[PDB]
Every structure is written in structure tokens, then in C-alpha cells.
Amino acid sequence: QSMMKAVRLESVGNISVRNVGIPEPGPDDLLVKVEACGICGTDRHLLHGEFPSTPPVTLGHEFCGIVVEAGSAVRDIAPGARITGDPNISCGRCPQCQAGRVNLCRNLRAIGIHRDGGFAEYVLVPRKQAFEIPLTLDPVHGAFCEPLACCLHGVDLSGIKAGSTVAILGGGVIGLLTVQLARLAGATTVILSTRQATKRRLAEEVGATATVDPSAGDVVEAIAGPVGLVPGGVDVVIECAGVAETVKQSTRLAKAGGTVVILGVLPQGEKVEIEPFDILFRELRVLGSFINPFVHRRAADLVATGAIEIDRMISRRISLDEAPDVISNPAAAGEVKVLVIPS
């Protein structure tokens, strides 16, 4: 019996590396030897039971790798191909799916959450979830397709286009990837707000036209105020931090007729005040953005053509053995994206 290492969430709070069997693909599965799998903030929430999962389960939903076996019914992608996985499996039979809102599937199952995922030497990927990418690519770049796709969906919803002005709240990987996508989509002012000096510097290396530090003063005044960067406000505000203060400020950062996108996850049940008078009289849009419907191929293409800076987003590369400790502890100060490299 051939074995592999895998980072298993045994039950809420209980995570460790175990030896498990190398899985055997069903007729429509690919078996993929993982080249890299990113750690997400969602993985820490999964560990602590703050998002639901189906333990015992191998975590990891931001992965790419080389196909080593194809199921009998797969004629399309052969061993040797590189793929990135879309972890989100929609059912195709519920009212959300039948209306094309596959991200809102009522029966959604996610690789790395309800099914064994990418923090392992090998992972099963149903054919429909596999997106081929070039073999000439850096082996780890494919791991960014999922987070890029989530950000690209948010940028699509925002209406960013040539000449837009944009404020991005939060200096995590989501904020930084959204800086890059804002510029690619045509925004000519892209401002990132974060208290972390290291993240402001990185934002400017990857396309931010300016950055602001919320410690130095009121961000609403610094951006949208009379002597701010963009007096009267920006076209588009994308809240990426999932923090109450910045969700609250987002509408006041937007110009009249502007758009706020809620891309960051604030804790369930937590409440924030809006002013309905202002939303109406300044004709604002407030839009939720959820995961990656119909954007994984575009994201994979952007990675394939080198349109996005990926290397600067990688703060650390770790082994499977190191993953449980990194996931069990809070994100480090200079952490952008940690990649788990199974070998």
C-alpha cells in the first residue's frame, strides 16, 4: 500500500500531519501531485470551527500540480499536464445553479473543506474543477489562481474600468492582488490603506499609485477630504480586511454615484452601521462578492501570461510538517501568502 503525508483536520481544534493512502481516482477524477498549496485565513477559521467543515479532512484549497493519473472517463487531460484546481464544486441541480449563480449553490462542497484538499502529496480533482495551465510556468504560480479568481470576481462586480479611481482597504494578499487587478482593469488611481509599512511598500511595487497609513490620521480625510488624495471620493472602494472600521468608512470614501465592494469576511452576526439617507442621496452601490463563479479560467490565463506579479506575494515556503503550527498560530506580521510545498 503506497502512502503519503497529509495535513488533516481530525476534528475542530485538532490538526496534524498523518500518513494516509494515496487516493485512487474515480472515472471523472484526476489524481494530481501537488506542487504548491497556499494557506488561507479561512484555514484558521476552519480549524477553530468558525466555518463549517466535514472532519476528518485534509485542508488546502489553493493548489496546483501535475496530473499523474486520469480516471477511465477522462479523455481530455492526460498525466503530465499541469492543472490548477477550482475547489468549489456546485451541484448543478439546485435553483441557484440552474440560474447560473453557481457560487450560491445551496449544496456547495469545497475541496479542502468537505473533501480532502491540497495540503498533501496528492489530491483528487474532479475533471470539471481542473484548469490546465502551461508546463513552462513557475511550478508554484498555479496556487494563486483561486485567490486571484476571488479578487477578479470582486473587481468585475466593482465596475472598475479605464480611468477609474480606487481605494483598497486592507494590506493582506487579497488587498494586494486587488491592487494589481484594479490597475490591470484600467484604474489610474489605486490607493491602498494599511497600518503595516511592509504592506504599503509592497502595494507600491505591484501597482498602487499611493498608500495611506490609518495610524497617521483619519483615512476618510486623507483620501476623500478637501485636501485628500482624491477630493470628493473615489469611484470604487473595495473592503478587503473584513474589519468593522473599514467596512463602516467605505461609503464615505466613495464619490457620489460610487461603488463599495465587500470582499473581506467580517465575523458572522457582527453588525455595522450604514446611513440609508447617504446611500440614497448619493446613489451608492454596496455589493457583496462571493468566491469565484466563471472566473477561474480568466484567472488561470492571467497567471499563464504573467499579467500578475506572483513571486512578491510569496512570504514563505514551508513543508507539510510545518503547516499545522503555521495554521494553528495567528498570521505573522510580514505574512502575505505562505505556500505549503509537499516536496
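Sequential numbering from 1, following the sequence displayed.
If you average the C-alpha B-factors over 268 to 276 and over 172 to 180, the higher value belongs to 268 to 276. Once the C-alpha B-factors are averaged per stretch, 73 to 81 and 130 to 138 rank with 73 to 81 first. Within the group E35, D311, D301, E62, the record's highest C-alpha temperature factor is found at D301. The residue among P226, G118, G257, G159 whose C-alpha carries the highest B-factor in the deposited model is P226. Looking at the C-alpha B-factors along this chain, the one for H296 belongs to the middle third. Compared with the other modelled residues of the chain, the Cα B-factor recorded for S215 ranks in the highest third. In the PDB entry, a CA B factor belonging to the middle third of its chain's modelled residues is recorded for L108. In the deposited entry, the Cα temperature factor of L47 places it in the highest third of its chain's modelled residues. In the deposited entry, the Cα temperature factor of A99 sits in the middle third of values across the chain's modelled residues.
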